[PDB]
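This document starts with two versions of one protein chain, written out as structure tokens and named structure 1 and structure 2.
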Structure 1
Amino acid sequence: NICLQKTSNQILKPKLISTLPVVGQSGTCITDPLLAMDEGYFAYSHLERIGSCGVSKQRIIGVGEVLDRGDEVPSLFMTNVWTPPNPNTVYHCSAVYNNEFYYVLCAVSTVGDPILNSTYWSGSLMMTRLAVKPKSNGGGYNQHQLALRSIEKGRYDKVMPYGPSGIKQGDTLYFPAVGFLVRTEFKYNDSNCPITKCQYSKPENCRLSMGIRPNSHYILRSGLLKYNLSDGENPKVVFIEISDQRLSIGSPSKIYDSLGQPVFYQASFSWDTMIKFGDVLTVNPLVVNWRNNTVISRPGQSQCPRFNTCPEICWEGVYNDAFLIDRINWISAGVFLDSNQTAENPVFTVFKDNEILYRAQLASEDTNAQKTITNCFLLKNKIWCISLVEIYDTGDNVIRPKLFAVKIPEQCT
């Protein structure tokens, strides 16, 4: 039982918790965060850059346990850390937990960020497996690279992990992903671009905004990468595209279990800026029963600001996910930047489709903030959420992820 009523009472008490100590050291910038959680365990990643935010010094990928720290508040206890040999080659990591291991799928690139340099990326992927409870002298039990024998990608030129975390269904893992499709092969009817109440929107705007520029070589299509652990000695990776219902440019996404059923979140990196999430009807093919949410959006720039609904040509926005905490009433929780066109003012928010119930400001109105990743769970039968929030210090000119733990209150006063 949680508070189901709208209230201005400050019933949310966010607690500042803390994975690694380097996150705090002066002289290093911490970027490209990942946080994933399942079954009492977590996976975490960041890129460390000496000085500017840059020149990569170290990629860390670690796993551990989520535990009560001593005073009934959960925190993260790191258990097993891996450092890739060249931090300049590893991009877009994504984590799924299964049967005592976390599996982490990343892109390997000798040509930079594959999203920004798509035409030259080889499409190379790597899969690393990390024991959540390692063994002293555990060799290939503690950390192990898995051989990817084959990547099934259909009509797509390349496919890639794209989002912090996914789900397992038995022996099969599903990572959030994106497919690179040659723009000339994209099948789209401009009549489907919804411009009826949008006098300035051209019919072609949906189609042109399916890539990061209107004249891009590729369009981006979100979906899943399926990895079945029982599928022979070296399982294949299979791309599953998201359906064309409420289609938005392929963007960082998340699939997660909540209350026994999966939910899918897709970041709004274009003109469709109201929150894109909902229960998954089928995983393969991927169909999402998108919420008709009228209260949660995200900051952008001039053409696609917060609350924008009209088709425009734009590639802008921020990843601020939401986690379902009550299916019977469809109530969710996340951290959203309360601003129209600047990445500012992170607020922990509990909300329904057409109603914000209650909230708590995490910093100040002028606090610059960016990516937010929220996961909720039970601790002694009380609903807790942990949110990673990138806080940008404009004075210091440095981004650092902060971790907050918030108990969802039972009462409204």
Structure 2
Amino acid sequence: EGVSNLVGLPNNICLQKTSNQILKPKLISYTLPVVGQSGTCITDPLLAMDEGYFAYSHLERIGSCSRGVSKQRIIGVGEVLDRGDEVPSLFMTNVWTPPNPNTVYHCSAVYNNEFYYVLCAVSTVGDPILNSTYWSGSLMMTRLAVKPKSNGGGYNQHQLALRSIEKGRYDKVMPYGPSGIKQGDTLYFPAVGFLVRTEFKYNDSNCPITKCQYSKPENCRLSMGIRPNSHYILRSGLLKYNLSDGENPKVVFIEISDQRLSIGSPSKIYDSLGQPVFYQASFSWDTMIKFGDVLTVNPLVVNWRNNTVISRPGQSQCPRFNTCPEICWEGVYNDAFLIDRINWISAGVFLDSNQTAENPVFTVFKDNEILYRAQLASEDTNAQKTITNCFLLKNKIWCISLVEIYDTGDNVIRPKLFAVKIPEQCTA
């Protein structure tokens, strides 16, 4: 009953731009049981997958999703199995709730050896992003067994407090994104560097105003922090964690290259078809999807797809499709999982609105073509962060997308899970 990573040469998928409803999403949430009295909101979602195992995390709130009171933090893992239906489904095996739900933030997950490793920020001054200057820089790593042993002592659950942190010219450093990858015995977590704004080194003339009246050369630099006046700037990157660097191994921050540079955002690094891809959410003026093959890791350089079809809703300054350098900080995280490297086709769930968080559409796409798609709900269904991961089941490509979704007036708000087999035929 084993799901496998997306590797080698899977079955054929339709490579034709079509309008036929070949895509037939399935709702499989149920196998991830979730309770909550009315007026409960479940958010800050995380889903990760590797080798037929998953990590998961959410923050359960009472009140609004934005400001509501943190009731509990779930951090769990389990396996991705065939539910007998020849359909992929998740199955929890190990969960862990942190003592104080208010202290943990921005968790990130990577799998290695019968273990998922969840690296979080620890903060008593709130979200480390929103109160940058007052955060300890304090990190923490949990390590859950994907197949819990009937009690061993440190196996099933284990914690490390993270002593040393090679962080270079960056003041503070933290995990910023759903999941990363392993390289043998090295873990790479999506992450972010906090660099004092004054020490930010930028030739304002590298800003792409060249077809943009109203955009001023200063815009790119200013849009590298949450406010123009902000104390730090954010630089996306990876946090390296060597498991063989002793009992107490160091984390090392690796900044992303200054190619097509946005303000540090929640990002993903993942293996598809024998080579890592890297996604970075678009949280300012560069609103077309930013992902593409990883050329090299330890000097971190990403070959950004020159996509012209996929975007996200912003607000007024930088809405969906905006390409001109404006000074802003807004957006959502709808990632995209590469499924065909020969033809560069990727699958994701995107929000078909300009300035609004609604209408989740599971879309399969190429750089300048959307081949096929599938509305997950209704036109005015509310949706936010979406997390897509792809794998194989009997050499057939499946995708599981976690989607922040509800339509106005349901009692408990919470993310749902969609399994979406990728079709071989282009027809019926």
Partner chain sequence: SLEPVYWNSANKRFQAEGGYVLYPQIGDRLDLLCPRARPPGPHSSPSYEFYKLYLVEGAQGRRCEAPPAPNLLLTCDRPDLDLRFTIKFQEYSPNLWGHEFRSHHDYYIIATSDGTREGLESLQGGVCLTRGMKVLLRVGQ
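Sequence positions of structure 1, starting at 1, serve as the residue numbers. Residues that one form lacks are left out of the comparison. In this text, the rigid core denotes the largest set of C-alpha atoms whose superposition between the two forms falls within 1.5 Å.
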| remark: Which block is the form deposited with its partner chain bound? Structure 2
| field | Comparing forms between structures 1 and 2 after core superposition, the one residue of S26, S364, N354, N381 displaced by 2 Å or more at CA | value | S26
| Once the two forms are fit on the core, has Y392 moved its CA by at least 2 Å between structures 1 and 2? | yes
| request: After lining up the core, report the Cα displacement of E233 between structures 1 and 2 in Å, one decimal place. | output: 2.0
| said: Please report, in Å, how much the Cα atom of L173 moves between structures 1 and 2 when the rigid core is superposed. | reply: 0.2
| remark: Between-form comparison on the rigid core puts the Cα shift of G138 between structures 1 and 2, in Å, at 2.3
| What parts move between structures 1 and 2 when you lay the two on the core: runs of 3+ residues, each CA off by 2 Å or more? | 19 to 28, 50 to 53, 146 to 149, 392 to 399
